[PDB]
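Next comes just one chain, in structure tokens: the form deposited in one PDB entry.
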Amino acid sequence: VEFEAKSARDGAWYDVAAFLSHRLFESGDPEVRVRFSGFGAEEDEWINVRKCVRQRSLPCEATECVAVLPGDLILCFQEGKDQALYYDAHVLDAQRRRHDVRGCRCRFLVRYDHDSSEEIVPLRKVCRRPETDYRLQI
């Protein structure tokens, strides 16, 4: 019901407040005019519909870690030197650990798609693609 889009400024993903217009559909590769949440009109962007707009990646409740598998595309919270952004990343490996009452203890070796840098992150930094929800049924 809610959407995220990738900004050209940093290549990171942000919540979509509204879709205002679209163009280039006749090319088979349309773009949509996106207003991002909390950013006014001044920072609207023309964004590729097929590649850079999608249903929102949701944070994981402690039980959702089993739906995160090596090979998966995930949206990952990269706390950089002094900017913190959500970037596409792929799971290289998953260290399963028995949870506590604190929640999930699993850690994930991830590789960010844009710079191929790697990081071991907890579930808190992982947002799944809704595509993987079916894993929860299995």
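The first residue of the sequence shown is number 1, and the count goes up from there.
Omitted here: the form solved in complex with a partner chain. The next part is about that form.
Distance criterion of 4.5 Å from any heavy atom to its partner chain in the deposited complex singles out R56 from the list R33, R56, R107, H90. Checking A94, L85, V66, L73 against its partner chain in the deposited complex, a heavy atom within 4.5 Å turns up for just one residue: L85. Shown alone here, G28 lies farther than 4.5 Å from its partner chain in the deposited complex, counting heavy atoms only. Contact annotation: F77 falls within 4.5 Å of its partner chain in the deposited complex, judged by heavy atom distances. With a 4.5 Å cutoff on heavy atoms, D15 counts as touching its partner chain in the deposited complex. A residue is said to contact a partner when one of its heavy atoms sits within 4.5 Å of a partner heavy atom; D100 fails this definition for its partner chain in the deposited complex, lying far away. The candidate spot formed by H22, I47 and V49 lies out of contact with its partner chain in the deposited complex, as no residue has a heavy atom within 4.5 Å of it.
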